[PDB]
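The structure under discussion appears below in the form of structure tokens.
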Amino acid sequence: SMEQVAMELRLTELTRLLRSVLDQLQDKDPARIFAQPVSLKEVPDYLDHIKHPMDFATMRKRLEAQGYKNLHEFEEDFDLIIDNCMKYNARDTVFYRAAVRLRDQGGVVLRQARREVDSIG
């Protein structure tokens with residue numbers, strides 16, 4: 001159908017918007033603390049602590065498969081990165097502090113992306 005294609009053009013454009021959003025969020029992690037999954041070879045007990053791991057490479061794979069239906073699902077994954085870190089790591093660690101700074105700095109990007117998604121439809 002002609003509609004399914006119109007739909008696919010919007011999903012593709014949403015993917016396009018979310019890609020720029022992801023790049024902007026990832027720039028706020030210059031240390032690359034959140035770039036890749038926590039290694040289960042190096043933290044073998046990780047899944048006993050964190051039940052839904054997330055990281056920026058995993059979000060990117062989902063994004064490029066057009067696996068994000070709306071901005072809300074995308075935010076869910078971003079929030080997992082931050083919240084998992086703030087639980088596993090103590091307050092006085094470089095990792096926890098990195099998560100706080102990503103949360104704070106990402107808020108601004110996400111604020112405008114929500115306006116852009118509502119605005120563009």
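Ligands are numbered from 1 in the order shown, chains are lettered A, B, ... in the order of the structure tokens, and residues start at 1 in each chain.
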
Polymer residues at most 10 Å from stretch 25-31 of chain A, only C-alpha atoms, same-chain spacing of 6 or more positions, as a list in words = residues 19, 56, 57, 78, 95, 98, 99, 101, 102, 103, 104, 105, 106, 107, 108, 109 and 110 of chain A

Interatomic distance, atom CA of residue A:38 to atom CA of residue A:22 (Å, one decimal) = 18.9 Å

Determine, counting only C-alpha atoms, which protein, DNA and RNA residues have an atom within 12 Å of an atom of residue A:88; residues of the same chain fewer than 4 positions away are not included. Present the result as a PyMOL selection string.
-> chain A and resi 38+43+45-51+53+80-84+92-93+95-96+99

Can you write just those residues out, N, CA and C atoms, as a PDB file, in the first residue's frame?
```pdb
ATOM      1  N   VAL A  38      28.788  -3.335  29.287  1.00  0.00           N
ATOM      2  CA  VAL A  38      29.659  -3.828  30.356  1.00  0.00           C
ATOM      3  C   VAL A  38      30.086  -5.294  30.033  1.00  0.00           C
ATOM      4  N   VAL A  43      33.305  -8.167  34.293  1.00  0.00           N
ATOM      5  CA  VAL A  43      32.395  -8.134  35.431  1.00  0.00           C
ATOM      6  C   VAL A  43      31.440  -9.332  35.387  1.00  0.00           C
ATOM      7  N   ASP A  45      29.687 -11.067  37.470  1.00  0.00           N
ATOM      8  CA  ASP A  45      28.447 -11.053  38.257  1.00  0.00           C
ATOM      9  C   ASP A  45      27.431  -9.977  37.775  1.00  0.00           C
ATOM     10  N   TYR A  46      27.681  -9.295  36.643  1.00  0.00           N
ATOM     11  CA  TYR A  46      26.938  -8.080  36.315  1.00  0.00           C
ATOM     12  C   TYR A  46      25.418  -8.325  36.239  1.00  0.00           C
ATOM     13  N   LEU A  47      25.022  -9.404  35.616  1.00  0.00           N
ATOM     14  CA  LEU A  47      23.612  -9.691  35.411  1.00  0.00           C
ATOM     15  C   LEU A  47      22.921 -10.105  36.700  1.00  0.00           C
ATOM     16  N   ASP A  48      23.674 -10.427  37.756  1.00  0.00           N
ATOM     17  CA  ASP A  48      23.051 -10.627  39.066  1.00  0.00           C
ATOM     18  C   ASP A  48      22.605  -9.278  39.695  1.00  0.00           C
ATOM     19  N   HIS A  49      23.179  -8.168  39.201  1.00  0.00           N
ATOM     20  CA  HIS A  49      22.898  -6.820  39.699  1.00  0.00           C
ATOM     21  C   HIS A  49      21.964  -6.103  38.709  1.00  0.00           C
ATOM     22  N   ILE A  50      22.239  -6.109  37.406  1.00  0.00           N
ATOM     23  CA  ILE A  50      21.557  -5.318  36.454  1.00  0.00           C
ATOM     24  C   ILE A  50      20.828  -6.293  35.500  1.00  0.00           C
ATOM     25  N   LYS A  51      19.508  -6.198  35.504  1.00  0.00           N
ATOM     26  CA  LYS A  51      18.730  -7.099  34.669  1.00  0.00           C
ATOM     27  C   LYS A  51      18.509  -6.685  33.217  1.00  0.00           C
ATOM     28  N   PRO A  53      20.779  -4.597  30.865  1.00  0.00           N
ATOM     29  CA  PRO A  53      21.942  -3.774  30.469  1.00  0.00           C
ATOM     30  C   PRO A  53      21.671  -2.937  29.232  1.00  0.00           C
ATOM     31  N   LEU A  80      18.107   3.756  30.894  1.00  0.00           N
ATOM     32  CA  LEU A  80      18.705   2.515  31.400  1.00  0.00           C
ATOM     33  C   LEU A  80      20.224   2.631  31.581  1.00  0.00           C
ATOM     34  N   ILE A  81      20.853   3.235  30.583  1.00  0.00           N
ATOM     35  CA  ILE A  81      22.303   3.445  30.663  1.00  0.00           C
ATOM     36  C   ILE A  81      22.686   4.144  31.951  1.00  0.00           C
ATOM     37  N   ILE A  82      21.957   5.229  32.231  1.00  0.00           N
ATOM     38  CA  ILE A  82      22.230   6.098  33.370  1.00  0.00           C
ATOM     39  C   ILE A  82      21.875   5.375  34.679  1.00  0.00           C
ATOM     40  N   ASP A  83      20.636   4.800  34.718  1.00  0.00           N
ATOM     41  CA  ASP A  83      20.115   4.265  35.970  1.00  0.00           C
ATOM     42  C   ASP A  83      20.885   2.994  36.365  1.00  0.00           C
ATOM     43  N   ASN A  84      21.292   2.159  35.403  1.00  0.00           N
ATOM     44  CA  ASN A  84      22.047   0.927  35.667  1.00  0.00           C
ATOM     45  C   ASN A  84      23.371   1.355  36.329  1.00  0.00           C
ATOM     46  N   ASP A  92      30.757   7.801  44.954  1.00  0.00           N
ATOM     47  CA  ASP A  92      32.102   8.370  44.861  1.00  0.00           C
ATOM     48  C   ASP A  92      32.999   7.730  43.760  1.00  0.00           C
ATOM     49  N   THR A  93      32.408   7.345  42.648  1.00  0.00           N
ATOM     50  CA  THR A  93      33.187   6.724  41.552  1.00  0.00           C
ATOM     51  C   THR A  93      33.085   7.601  40.319  1.00  0.00           C
ATOM     52  N   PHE A  95      32.556   6.460  37.434  1.00  0.00           N
ATOM     53  CA  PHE A  95      31.455   5.956  36.632  1.00  0.00           C
ATOM     54  C   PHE A  95      30.144   6.607  37.028  1.00  0.00           C
ATOM     55  N   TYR A  96      29.796   6.593  38.328  1.00  0.00           N
ATOM     56  CA  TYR A  96      28.537   7.271  38.806  1.00  0.00           C
ATOM     57  C   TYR A  96      28.515   8.744  38.427  1.00  0.00           C
ATOM     58  N   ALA A  99      27.708   9.251  34.833  1.00  0.00           N
ATOM     59  CA  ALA A  99      26.285   9.126  34.599  1.00  0.00           C
ATOM     60  C   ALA A  99      25.488  10.357  34.979  1.00  0.00           C
TER      61      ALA A  99
END
```

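Taking only C-alpha atoms into account, residue A:59 lies nearest to A:15 out of the set A:94, A:15, A:87, A:39.
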
Nearby residues (only C-alpha atoms) at most 9 Å from residue A:63, same-chain spacing under 2 positions excluded, as a VMD selection string = chain A and resid 15 18 to 19 58 to 61 65 to 68 74

Separation of atom CA of residue A:11 from atom CA of residue A:70 in Å | 8.5 Å

Run DSSP on the backbone and grab whatever in stretch 12-100 of chain A lands in alpha helix (DSSP H); send it over as a PyMOL selection string.
-> chain A and resi 12-27+46-49+56-64+71-88+94-100

Need the shell around residue A:121: protein/DNA/RNA residues with any atom at most 9 Å away, counting only C-alpha atoms. Skip same-chain ones fewer than 4 positions apart. Format as an mmCIF file with N, CA and C atoms, in the first residue's frame?
```cif
data_model
loop_
_atom_site.group_PDB
_atom_site.id
_atom_site.type_symbol
_atom_site.label_atom_id
_atom_site.label_comp_id
_atom_site.auth_asym_id
_atom_site.auth_seq_id
_atom_site.Cartn_x
_atom_site.Cartn_y
_atom_site.Cartn_z
ATOM 1 N N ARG A 10 8.014 8.231 7.492
ATOM 2 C CA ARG A 10 8.010 8.813 8.880
ATOM 3 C C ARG A 10 8.927 8.013 9.846
ATOM 4 N N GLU A 116 10.651 18.752 18.766
ATOM 5 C CA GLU A 116 10.808 18.416 17.315
ATOM 6 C C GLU A 116 9.943 17.238 16.828
ATOM 7 N N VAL A 117 9.796 16.222 17.667
ATOM 8 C CA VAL A 117 8.947 15.060 17.354
ATOM 9 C C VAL A 117 7.442 15.369 17.369
#
```

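Rounded to one decimal, atom CA of residue A:76 and atom CA of residue A:52 lie 11.1 Å from each other.
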
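Counting only C-alpha atoms, the residue from A:6, A:85, A:54, A:71 that sits nearest to residue A:111 is A:71.
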